[PDB]
């Protein structure tokens, strides 16, 4: 009772700003698409195919790698190794640059890749140009996302929130400018995203460089620069997979929906369900980041007990958040489809799909908090191999079978999600109960 209250206050102190941070982070591509309008059926499929490509190969890796910074910097703030936080962060930037180069090399070929996959050459040309103008966003994120974990792993969530909201409003302005006054064309939104993310880079760099809050953590020691890069890849390769295997699968999901009977019907309804799923996953990502932060810090501080109650408090947040969003959807299960489409067949499809998505809500929340525990403790490789096991070896076969042979074209798809997500939580539950907190604190000591 006395221990839960203590960490519940500090986990929530990180949970709310990072939740709003995540809201402002996913509401940025939505702003790109909305400002552009429907310039054309060709440009619609070209930009969608471009941003889907870019997210599958390059962006998921970049966003997933600094799970290494969540464990390394997160445990380093607990042991008060304040020089190593800056060393880990700037070694992450240095590591991200050659990876950005590789991804850009691959992006130069996107047109020839898509035409070889059997797509329209003109759609592949639009996608090639749009993806080519998203290259500055790669190196910009190589600066921003390590800085993101730099502020998060210490508890400086408010500078992250202020700079994120500022970046969102900036992106609204220059998307308006680029699309409406500069009339660039289809790639206007892409270049506006490059400008916005570099603005995010200079404001985060400005705060970290000129603020008293980051006086103890800013700066890197030259000697350890070779060691930290090694350690970052140690915990970067699994974490990146733990993100890629999810985004890739969701991409596979939408393509599978395009091969069913009535493809527009099932694809529109499935896009509704997964937009809803991610819209809850942003708050679920906020609670996950908070749990990862506090557990990593308590493991670094040599206190496994407070790390346990850290997990408990995050599960409490999961309970109230997931019950809230689940019951809230179920109240408007028969109307919420009207917000997405005007066809009556679609609204009833998502209406029948609503309880299964409620299960997806509570499952995604549970697996996100426990995956945050995995990132904060340092066993991300468990999460990666469980991702392949839960979604590719179980969920995808049961999802494909139920959807195609059982005349459950759209619902069967989502059933493969739920069962897969369920298996995911089950193993994530076992490994978080059997795990020794005594050793994780001692193991965190030698990591840092």
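Positions refer to the first chain, counted from 1.
Undergrad: Mean C-alpha B-factor higher for 17-25, or for 430-438?
TA: Per the PDB record, 430-438.
Undergrad: Should the higher mean CA B-factor in the entry be assigned to 128-136 or to 253-261?
TA: The entry gives the higher C-alpha B-factor average to 253-261.
Undergrad: Between 413, 62, 48, 418, where does the Cα B-factor run highest in the record?
TA: Among 413, 62, 48, 418, the PDB entry lists the largest C-alpha B-factor for 413.
Undergrad: Out of 42, 393, 403, 423, whose C-alpha atom has the biggest B factor in the entry?
TA: Reading the PDB entry, the winner on C-alpha B-factor is 403.
Undergrad: For residue 316, does the deposited CA B-factor place it in the lowest, middle or highest third of the chain?
TA: Middle third of the chain for residue 316's C-alpha B-factor.
Undergrad: Split into thirds by Cα B-factor across the chain's modelled residues, where does residue 383 land: lowest, middle or highest?
TA: According to the entry, residue 383 has a C-alpha B-factor in the chain's lowest third.
Undergrad: Mind checking which third residue 236 falls in for C-alpha B-factor across the chain?
TA: Its C-alpha B-factor belongs to the lowest third of this chain's values.
Undergrad: Tell me, lowest, middle or highest third: where does the Cα B factor of residue 162 rank within its chain?
TA: Tercile = lowest for this residue's CA B-factor.
Undergrad: Taking the chain's C-alpha temperature factors as the reference, tell me which third residue 80 falls into: lowest, middle or highest.
TA: Within its chain, residue 80 is a highest-third residue by C-alpha B-factor, going by the deposited values.
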